[PDB]
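Chemist: Quick mapping for you: the protein sequence lines, in order, are chains A and B.
Numbers 9 to 249, taken from the numbering used here, label the letters of the first sequence in order.
Numbers 713 to 954, taken from the numbering used here, label the letters of the second sequence in order.
Note that beta-carbon positions come from the ideal geometry of N, C-alpha and C, so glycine has one too.
Please read through the structure below; I'll follow up with questions.
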Amino acid sequence: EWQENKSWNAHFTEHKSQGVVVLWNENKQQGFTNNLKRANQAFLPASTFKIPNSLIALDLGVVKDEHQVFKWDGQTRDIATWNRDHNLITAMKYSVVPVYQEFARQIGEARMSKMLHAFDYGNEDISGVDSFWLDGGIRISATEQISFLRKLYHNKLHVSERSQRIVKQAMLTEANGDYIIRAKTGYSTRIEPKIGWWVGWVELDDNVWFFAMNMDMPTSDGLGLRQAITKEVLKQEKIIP
Amino acid sequence: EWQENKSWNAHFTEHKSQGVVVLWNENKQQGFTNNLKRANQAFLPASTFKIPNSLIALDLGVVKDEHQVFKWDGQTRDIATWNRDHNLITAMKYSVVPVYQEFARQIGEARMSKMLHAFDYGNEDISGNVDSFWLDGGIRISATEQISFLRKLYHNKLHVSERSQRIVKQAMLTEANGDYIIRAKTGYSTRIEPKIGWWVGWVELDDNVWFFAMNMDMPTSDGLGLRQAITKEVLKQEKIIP
Ligand SMILES: *C(=O)[C@@H](NC(=O)c1c(-c2ccccc2)noc1C)[C@@H]1N[C@@H](C(=O)O)C(C)(C)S1
Ligand SMILES: *C(=O)[C@@H](NC(=O)c1c(-c2ccccc2)noc1C)[C@@H]1N[C@@H](C(=O)O)C(C)(C)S1
Ligand SMILES: [Cl-]
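In structure tokens:
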């Protein structure tokens, strides 16, 4: 069912970095990783939390839809792309923390807690309300990411079908005549080790490949590798050209 | 509100072809074409019919969802990609006529008629084969009537369930990167003259939506690449994509 493929370590090594890639071939009901232990190591979700955050916000009417505008509170921050108005689409695309802090506040630790349980999301621990996924108690592994994503793909999370379709739309990262990628980036720097995340899936004509990957991210220089390494692995297994 | 930009004719000319591109800047409530007359000229919709077809099928339970498999009736056809099983996603991606003929048959001329009226879709004329009228029958739609229909689909304003619309928009997904998302549908009409290519859909940006309808003379199947290439060359020029 699960199989180690240590040959993928080469892809981490050649960029002088450590980390895990987990693939799941949906049709064959089989999974593949370069490191079974790290694949099961839990980390802070960072901006990958914006998936379940988005879903809970939508199901509760905190977000009416994906066109609804979230007004810049007018305070400049370090990320240029955060200093302007956003909708759920641009909120996810640009990982706009303040917008999701604001959703989290309206959602409320009571309901957020209930929902993460119902989702079976990582360790279901909200030790913090407006920061817990950045610097608090919540932890999720690569394989628990796949598990959550697989439920989102088949509209099996304990929220309305609409809420899921909207979040999957919002996850749209890349598409052409070969594949569709739906995914969410993450960068956790508050608690060591500093890691990059890329979780989502590859839609083909006739199969779906789910992916969760995290890698050591000591410096923000490496961030390009989250996508590049996952893709190098997807190329190798002839999932994309 | 509407503005002629004859400079775009260059893009048709340079490939020795005639045709129209219609843009609509949603935010500014303004439209742009290389030819106001042709922009209003109606043609057979061809595979662009798969949008309203998909919507009606979904709203009526002919299609349960986008994963549901449509089993190849086992008869080899000219188009390699048609000779295998399909779901609403691959059905749209590869313009699989037989699948949509089959939906049309189940939908039934009575309901298909009512729905195209409610949609205000082109000339609302289904007359011909229930299973062929959008290929060789009576239905006619212009570039501008395409935008109108598309604009309603974008805001989930067609008199069909929101779900049905979301699914068809998903299925329209053609292209996406960190700059833009294109949702669109191709068409090739060769049964009745004049032979034309279609590309209708829209470009999603961070803060705006550009709707596009384009058709061009398509005497030979050699030109088909130009449907996307000319639209893109125009989208480049107006600095909508890089
Ligand atoms: C999500 O991961 C976003 N970042 C955080 O939530 C976050 C950061 C951060 C890193 C760099 C700049 C600003 C904040 N540190 O800890 C956390 C929990 C997005 N990650 C970054 C990325 O490049 O992927 C950004 C710039 C998109 S914000
Ligand atoms: C949709 O328009 C499809 N074509 C037709 O429905 C169609 C054709 C046709 C032309 C060439 C090959 C097969 C069918 N002739 O009249 C009609 C109404 C799709 N058009 C083609 C394209 O290249 O866009 C295909 C191959 C995608 S089928
Ligand atoms: Cl989508």
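So, at 6 Å on beta carbons, what are the nonlocal neighbours of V921 of chain B in its own chain, with the 5 sequence-adjacent residues on each side left out?
Modeler: Locating residue 921 of chain B in the second sequence gives position 209, where the first residue counts as 1. The answer, listed in chain order, is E738 and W914.
Chemist: In its own chain, which residues sit with a C-beta less than 6 Å from the C-beta of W90 of chain A, not counting the 5 before and 5 after it?
Modeler: Sequence index remark: in the first sequence, residue 90 of chain A carries index 82 (1-based). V104.
Chemist: Is the stretch 761-768 of chain B touching the stretch 782-791 of chain B, taking contact as three or more C-beta pairs under 8 Å?
Modeler: Not touching, per the Cβ criterion.
Chemist: By the DSSP assignment, the alpha helix (DSSP H) with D848 of chain B in it spans what residues?
Modeler: Walking along the second sequence from the start, residue 848 of chain B turns up at place 136. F845 to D848 is the extent of the alpha helix (DSSP H) around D848 of chain B.
Chemist: Kindly list, in the order they appear in chain A, the residues whose Cβ is closer than 7 Å to that of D785 of chain B.
Modeler: If you number the second sequence from 1, residue 785 of chain B lands on position 73. Ordered by position in chain A, no residue passes the 7 Å Cβ test against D785 of chain B, which lies about 19 Å from the chain.
Chemist: My understanding is that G909 of chain B touches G899 of chain B, with C-beta atoms under 8 Å, so please give their C-beta distance in whole angstroms.
Modeler: By one-based count along the second sequence, residue 909 of chain B stands at place 197. By one-based count along the second sequence, residue 899 of chain B stands at place 187. The Cβ separation is near 7 Å, so the contact holds.
Chemist: Could you tell me the alpha carbon to alpha carbon distance between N42 of chain A and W16 of chain A, rounded to whole angstroms?
Modeler: The residue you call residue 42 of chain A lines up with position 34 of the first sequence. The residue you call residue 16 of chain A lines up with position 8 of the first sequence. Looking at the two C-alpha atoms, the distance is approximately 6 Å.
Chemist: Taking 9 Å as the threshold (C-beta atoms), are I942 of chain B and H723 of chain B in contact?
Modeler: For the purposes of this step, residue 723 of chain B is taken as the residue at position 11 of the second sequence. For the purposes of this step, residue 942 of chain B is taken as the residue at position 230 of the second sequence. Yes, Cβ-Cβ distance for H723 of chain B and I942 of chain B is below 9 Å.
Chemist: Could you tell me which residues DSSP puts in a beta bridge with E945 of chain B?
Modeler: As a position in the second sequence, residue 945 of chain B is number 233, starting the count at 1. None; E945 of chain B has no bridge partner.
Chemist: Along chain A, in chain order, which residues have C-beta atoms closer than 9 Å to that of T802 of chain B?
Modeler: Sequence index remark: in the second sequence, residue 802 of chain B carries index 90 (1-based). Here the neighbours are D213 and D214.
Chemist: Based on DSSP bridge pairs, tell me the residues matched to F782 of chain B.
Modeler: Start at 1 with the first residue of the second sequence, and residue 782 of chain B comes out as number 70. B:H798, per the DSSP bridge assignment.
Chemist: Could you tell me if the beta carbon of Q114 of chain A falls within a distance shorter than 8 Å of some heavy atom in ligand 3?
Modeler: Taking the first sequence and counting its residues from 1, the one referred to as residue 114 of chain A is at position 106. Outside the cutoff, so no.
Chemist: Quick one: what's got a C-beta closer than 8 Å to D214 of chain A's C-beta in the same chain, skipping five residues either side?
Modeler: As a first step, residue 214 of chain A is located in the first sequence; it is residue number 206 there, counting from the start. Contacts found: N35.
Chemist: Please say whether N131 of chain A and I148 of chain A have beta carbons closer to each other than 9 Å?
Modeler: For the purposes of this step, residue 148 of chain A is taken as residue 140 along the first sequence, with counting starting at 1. For the purposes of this step, residue 131 of chain A is taken as residue 123 along the first sequence, with counting starting at 1. It is a contact, given that the beta carbons lie within the stated cut-off.
Chemist: Between the stretch 873-896 of chain B and chain A, which residues of the former have CB atoms less than 9 Å from a CB of the latter, in chain order?
Modeler: Within the stretch 873-896 of chain B, the residues whose Cβ lies closer than 9 Å to some Cβ of chain A are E874, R875, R878, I879, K881, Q882, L885, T886, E887, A888, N889, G890, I893 and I894, listed in chain order.
Chemist: At a threshold of 8 Å, does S901 of chain B count as lining ligand 2 (C-beta to nearest heavy atom)?
Modeler: By 1-based counting over the second sequence, the position of residue 901 of chain B is 189. Indeed, a heavy atom of ligand 2 lies less than 8 Å from the Cβ.
Chemist: Would a check of beta-carbon distances place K762 of chain B closer than 9 Å to chain A?
Modeler: For the purposes of this step, residue 762 of chain B is identified with residue 50 of the second sequence, where counting begins at 1. It does not; no Cβ of chain A falls within 9 Å.
Chemist: Please report the residue range of the beta strand (DSSP E) in which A896 of chain B lies.
Modeler: Here residue 896 of chain B corresponds to residue number 184 of the second sequence, with the count starting at 1. Unbroken beta strand (DSSP E) run through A896 of chain B: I893 to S901.
Chemist: Are the C-beta atoms of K36 of chain A and some chain B residue less than 9 Å apart?
Modeler: To locate residue 36 of chain A, count along the first sequence from 1; it is residue 28. Output row for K36 of chain A: interface = no.
Chemist: Rounded to the nearest angstrom, what separates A830 of chain B and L870 of chain B at their Cα positions?
Modeler: The sequence position of residue 830 of chain B within the second sequence is 118, counting from 1. The sequence position of residue 870 of chain B within the second sequence is 158, counting from 1. Near 8 Å, if we compare the C-alpha coordinates of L870 of chain B and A830 of chain B.
Chemist: Closer than 9 Å, CB to CB, is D67 of chain A near chain B or not?
Modeler: As a first step, residue 67 of chain A must be located in the first sequence, where it is residue number 59. No, no contact with chain B.
Chemist: Chain B beta carbons: is any one of them nearer than 9 Å to that of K101 of chain A?
Modeler: Taking the first residue of the first sequence as position 1, residue 101 of chain A is located at position 93. Cβ-Cβ to chain B under 9 Å: yes for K101 of chain A.
Chemist: With which residues is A754 of chain B paired in a DSSP beta bridge?
Modeler: The sequence position of residue 754 of chain B within the second sequence is 42, counting from 1. Partner(s): B:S854.
Chemist: Taking CB distances under 9 Å as the criterion, tell me whether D93 of chain A reaches chain B.
Modeler: Here residue 93 of chain A is taken as the residue at index 85 of the first sequence, counted from 1. Yes, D93 of chain A counts as interfacial toward chain B.
Chemist: Return the Cβ separation of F782 of chain B and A751 of chain B in integer angstroms, given the expectation that the two are a contact with Cβ distance under 8 Å.
Modeler: Taking the second sequence and counting its residues from 1, one reaches residue 782 of chain B at position 70. Taking the second sequence and counting its residues from 1, one reaches residue 751 of chain B at position 39. That belief does not hold up - the Cβ atoms of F782 of chain B and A751 of chain B are roughly 35 Å apart, past 8 Å.
Chemist: Among A:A112, A:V207 and A:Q244, which has the Cα closest to the Cα of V71 of chain A?
Modeler: Looking up residue 71 of chain A in the first sequence gives position 63. That would be A:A112, whose Cα lies nearest to the Cα of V71 of chain A.
Chemist: For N222 of chain A, which three-state DSSP category applies?
Modeler: In the first sequence, counting from the first residue as 1, residue 222 of chain A sits at position 214. The answer is strand: DSSP assigns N222 of chain A an E or B state.
Chemist: Tell me the DSSP secondary structure of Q741 of chain B in three-state form.
Modeler: The residue given as residue 741 of chain B occupies position 29 in the second sequence. Note: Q741 of chain B maps to coil in three-state DSSP.
Chemist: Starting from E117 of chain A, trace the alpha helix (DSSP H) both ways and give me its first and last residue.
Modeler: Here residue 117 of chain A refers to the residue found at position 109 of the first sequence. Residues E117 to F127.
Chemist: Looking at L231 of chain A and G144 of chain A, is the spacing between their C-beta atoms short of 9 Å?
Modeler: Translated into the one-based positions of the first sequence, residue 144 of chain A becomes position 136. Translated into the one-based positions of the first sequence, residue 231 of chain A becomes position 223. No, these two residues do not count as a Cβ contact at 9 Å.
Chemist: Pull up the distance between the alpha-carbon of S729 of chain B and that of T760 of chain B, whole angstroms please.
Modeler: Here residue 729 of chain B refers to the residue found at position 17 when the second sequence is read from its first residue. Here residue 760 of chain B refers to the residue found at position 48 when the second sequence is read from its first residue. Computed Cα separation, rounded: 21 Å.
Chemist: Nearer than 8 Å: is that true of the beta carbon of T84 of chain A relative to any heavy atom of ligand 1?
Modeler: In the first sequence, the residue the question calls residue 84 of chain A occupies position 76. Checking every heavy atom of ligand 1 against the Cβ of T84 of chain A, none is found closer than 8 Å.
Chemist: Just reading off the alpha helix (DSSP H) that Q177 of chain A is part of, what are its end residues?
Modeler: Along the first sequence, one-based indexing puts residue 177 of chain A at 169. That run of the alpha helix (DSSP H) goes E169 to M179.
Chemist: Ligand 1 and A822 of chain B: does the residue's C-beta get closer than 8 Å to at least one heavy atom of that ligand?
Modeler: Here residue 822 of chain B refers to the residue found at position 110 of the second sequence. Checking the Cβ of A822 of chain B against ligand 1 gives no.
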